[PDB]
Protein chains: 4
Amino acid sequence: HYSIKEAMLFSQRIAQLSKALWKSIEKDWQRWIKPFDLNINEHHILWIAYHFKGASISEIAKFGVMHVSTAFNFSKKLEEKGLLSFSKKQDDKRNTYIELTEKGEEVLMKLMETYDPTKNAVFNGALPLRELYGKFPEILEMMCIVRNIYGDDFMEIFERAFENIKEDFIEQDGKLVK
Amino acid sequence: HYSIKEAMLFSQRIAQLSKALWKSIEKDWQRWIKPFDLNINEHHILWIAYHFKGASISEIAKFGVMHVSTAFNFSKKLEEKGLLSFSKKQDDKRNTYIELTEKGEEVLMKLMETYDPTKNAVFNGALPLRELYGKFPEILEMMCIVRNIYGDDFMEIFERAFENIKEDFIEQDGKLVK
Amino acid sequence: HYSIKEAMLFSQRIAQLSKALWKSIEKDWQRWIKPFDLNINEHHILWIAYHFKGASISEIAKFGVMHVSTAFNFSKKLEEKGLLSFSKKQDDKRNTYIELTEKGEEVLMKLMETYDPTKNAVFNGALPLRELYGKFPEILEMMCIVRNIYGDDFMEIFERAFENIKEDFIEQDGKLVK
Amino acid sequence: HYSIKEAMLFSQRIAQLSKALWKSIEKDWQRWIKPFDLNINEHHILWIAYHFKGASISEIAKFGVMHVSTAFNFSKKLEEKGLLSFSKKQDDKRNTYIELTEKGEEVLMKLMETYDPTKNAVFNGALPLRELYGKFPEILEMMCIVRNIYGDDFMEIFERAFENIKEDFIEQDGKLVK
DNA sequence: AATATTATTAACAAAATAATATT
DNA sequence: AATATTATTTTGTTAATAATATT
DNA sequence: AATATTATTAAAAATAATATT
DNA sequence: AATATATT
DNA sequence: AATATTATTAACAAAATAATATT
DNA sequence: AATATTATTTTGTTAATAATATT
């Protein structure tokens, strides 16, 4: 079993590490998406809709690690700019469904063009281990915790990502294209 | 060299993981600390003050993972409640220095008394790996990325924590007391 | 810099681990191949010849860890039994190259029909960590150390072993065949 | 479940790695001992008996990786050389116990002062990783496999070493002495 | 009753100013 | 040469409820 | 919207009594 | 001899 | 005229469980 | 069981003998 000291020490390490990593990720994500007048949760929302079509607001919240209310308010704002299409189904009218307009695909796609990994801070602070291991780091221990907390459906998102990157995009010149 | 697609795959993966961890950690921090009329960043300041004495507001920003402005305004409020004390020095009258008050140490102590690891969801996510490895996980990769983003001086924090848990607090009655 | 004491600690950990893993693997490998009157090193040489064709005795000894003389002597016996064929070039008549006959390919194929993962104790020894990780362990650390001792040319063997086996073997009735 | 393709990939990877690493450690351990008219398993026995004082032949044939026959024979030879001494006990007479003479304690102490980590090639393989992490590698994955093969009693031979080194030995003059 | 929202109310925490202070 | 460290006062994200329409 | 029963309390055809016819 | 309401 | 290594090929010297008998 | 004798080996060690152009 565990002494109280061991529990306390593990929590303070993992508390400060999560906080540090997330803050650097935040700053960089924001610089990138400050053109186009988008908040971080907004971009998250569109991305989810690309990989999952016809999702529920609540489903959205689950993948997008945000509260359901934040998802509702922001997706309404996204229909105002004309980037998303709401819908409803006859069998049950409680749930509301979300799909992506053509301008949305245009935003996401154009935005992919502008990705420059080098600017991002984590990429650079993780490049040492890439050569040592010949491959980019896979934080299995985080992946284990996070799978336990959030379950096995949540962890589908990663798979879908790699599955979409291959056979829905290609590399030309120095950037990625359809 | 790294192909572009490789960089994008590493980026989305690390992004989703840090968001899921910090969101969980944030929630479980706030619930514990709400009774004392203290926000997350105010608690983080008090903690920095106990482990680093006579710091300057920028230094507690650096350790705290918070901007300079939030440090100042929250440290001011904490002088109002009486938990913290301001100070200044002759070498340079520009810097403002910060120390804890006797109330402050009492507040942090009580917070240690009211600690139940089984409530935090990270802790419970981590136990499965403790059985396999006989000790609580050290996310060496994440620690190494953090050094290259934040520097070695910042990291003194972990060392100081560990040291100052051992000496002043003694385990007794399933509790911690001087 | 390190203390002497820490180095003594690392030596003993790694020297006792290595002895355990090789001793145990040795016992099972011997069992599996004994019906064909074959030494561990001999089966090694046959395998090398499958993956790396037209390879010198120095190459055979490099990839299968062994002295030049062990490789040459044993290979002589394996050309007597008719498993392999000796060939010499028209430039640098010093070098003797090896290839593999249809008899030797027959014995290797037939062995592969007798492979059973559960009798192998190191196989069962891993199943705990395959369940948690979701994939078999990759021991990057050990691989680091081996590569920095033997050089990246040596490690080609692994890659080649991977690709060959995925392309030219399919599973029929639960046993692998061409 | 597991396809037999997966199981073959794992076996071959772990076979090659285990073999390479043990072959390196044999090369260096034999030279460190050869001046003292010793072989590897003999040395291993003297060490065992330093840390586990009263033991049976079967015990030292568990902790040192060897058969019972080898333990009895190599120990007898060491009685002749005068390094070890045999005992027996009334409660159960079939057992035979071993202890270390002062000549044996001497050869072990003499040997300690010929320990030069920079010669041995594994240590040199580990140094990059110590530079990156900040400490020497613990290779947990190997430890789990080995524990799942040899049981927890066997693993005690690690803890005992870590303890003795920290108490009985002392570091001065770039060397380790009582 | 329990399920999916929708519509407000607070509050955390920076982004962007002002101005005192070391040669 | 302007800069460095507060200090003052401007913004926007995001989520914790409270009301509401469907099974 | 879908499921339901326990009650309260309520509101199709024959036959039977009284009324006028 | 005729008629005249409760519960997920 | 000088200057060297390089890759085999032939022989000795070990160890290691494997069966194998006895309080 | 837990020893205490015997038998079968398969990794390695060093000797000897050949093959190449390049300063």
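If you take the residues of region D:82-99 that are in contact (Cβ under 8 Å) with a residue 24 or more places away in the chain and touching a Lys or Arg at 6+ places or on another chain (Cβ under 8 Å), which of them is nearest to D:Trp29 (Cα to Cα)?
D:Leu83
For residues in region D:54-89 being more than 12 Å from DNA strand J (Cβ to nearest atom) and within 14 Å of chain C (Cβ to nearest Cβ), which is surrounded by the most Cβ atoms within 10 Å (Cβ to Cβ)?
Restricting attention to region D:54-89, the residues satisfying the condition of being more than 12 Å from DNA strand J (Cβ to nearest atom) are D:63-66, D:78, D:81-85.
Add one more test, that the residue is within 14 Å of chain C (Cβ to nearest Cβ), and what stays is D:63-66.
On the way: D:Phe63: 24, D:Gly64: 22, D:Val65: 19, D:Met66: 17.
Only one residue fits best here, namely D:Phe63.
Which condition number does D:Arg13 fail, the rest of (1) facing chain C (nearest Cβ under 7 Å); (2) of a type in the set (D, E, K, R); (3) within 13 Å of DNA strand I (Cβ to nearest atom) being met?
D:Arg13 satisfies all of (1) facing chain C (nearest Cβ under 7 Å); (2) of a type in the set (D, E, K, R); (3) within 13 Å of DNA strand I (Cβ to nearest atom) except (3).
Mind telling me which of the residues D:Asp28, D:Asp92 ends up being over 25 Å from D:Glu159 (Cα atoms) and either more than 14 Å from every other protein chain (Cβ to nearest Cβ) or more than 12 Å from DNA strand I (Cβ to nearest atom) (or both)? Walk me through how you get there before you give the answer.
Numbers: D:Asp28 fails: over 25 Å from D:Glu159 (Cα atoms).
Answer to the selection: D:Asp92.
Condition check ((1) of a type in the set (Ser, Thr, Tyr); (2) in contact (Cβ under 8 Å) with a residue 24 or more places away in the chain) across all residues:
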| position | (1), (2) |
| --- | --- |
| A:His1 | no, no |
| A:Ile4 | no, no |
| A:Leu9 | no, no |
| A:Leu21 | no, yes |
| A:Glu26 | no, no |
| A:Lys62 | no, yes |
| A:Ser75 | yes, yes |
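Just checking, which of D:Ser69, D:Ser87 is touching a strand residue (DSSP E or B) at 6+ places or on another chain (Cβ under 6 Å) and more than 30 Å from C:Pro128 (Cα to Cα)?
Working: D:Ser69 fails: touching a strand residue (DSSP E or B) at 6+ places or on another chain (Cβ under 6 Å).
Going through D:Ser69, D:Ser87 in turn, the sole match is D:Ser87.
Tell me yes or no: at least one residue of region D:133-141 is surrounded by fewer than 17 Cβ atoms within 10 Å (Cβ to Cβ) and either touching a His at 6+ places or on another chain (Cβ under 7 Å) or within 24 Å of D:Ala49 (Cβ to Cβ) (or both).
Taking every residue of region D:133-141 in turn, none turns out to be surrounded by fewer than 17 Cβ atoms within 10 Å (Cβ to Cβ) and either touching a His at 6+ places or on another chain (Cβ under 7 Å) or within 24 Å of D:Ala49 (Cβ to Cβ) (or both).
What is the residue count in region B:3-25 for residues that are of a type in the set (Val, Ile, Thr) and more than 27 Å from A:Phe154 (Cα to Cα)?
Residues meeting the conditions: 0.
Could you please give the count of residues in region A:39-71 that are over 17 Å from the mean Cα position of the chain (by Cα) and either within 8 Å of DNA strand E (Cβ to nearest atom) or in a helix (DSSP H, G or I) (or both)?
Counting residues in region A:39-71 that are over 17 Å from the mean Cα position of the chain (by Cα) and either within 8 Å of DNA strand E (Cβ to nearest atom) or in a helix (DSSP H, G or I) (or both) gives 1.
Identify all residues within region C:110-168 that are more than 21 Å from B:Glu141 (Cα to Cα), out of contact with any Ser or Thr (no Cβ under 8 Å at 6 or more places or on another chain) and among the polar types (S, T, N, Q); write none if there are none.
Selection gives C:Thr114, C:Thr118, C:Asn164.
For region A:120-130, does any single residue satisfy the condition of being away from DNA strand I (no atom under 16 Å from the Cβ), exposed (fewer than 13 other Cβ atoms within 10 Å of the Cβ) and free of Cβ contacts under 8 Å to residues at least 60 places away in the same chain?
Taking every residue of region A:120-130 in turn, none turns out to be away from DNA strand I (no atom under 16 Å from the Cβ), exposed (fewer than 13 other Cβ atoms within 10 Å of the Cβ) and free of Cβ contacts under 8 Å to residues at least 60 places away in the same chain.
Is it true that some residue in region D:99-106 is touching a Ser or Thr at 6+ places or on another chain (Cβ under 7 Å), facing chain C (nearest Cβ under 7 Å) and more than 30 Å from B:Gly151 (Cα to Cα)? I'd like the intermediate steps shown before the answer.
Residues of region D:99-106 touching a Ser or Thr at 6+ places or on another chain (Cβ under 7 Å): D:99, D:101.
Narrowing the set further to residues that are facing chain C (nearest Cβ under 7 Å) leaves none.
No, that holds for no residue.
Note that we place each Cβ from the backbone using ideal geometry, even for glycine, and neighbour counts take in every protein chain shown. Read-outs: derived from the displayed coordinates by stated rules, not from any lab.
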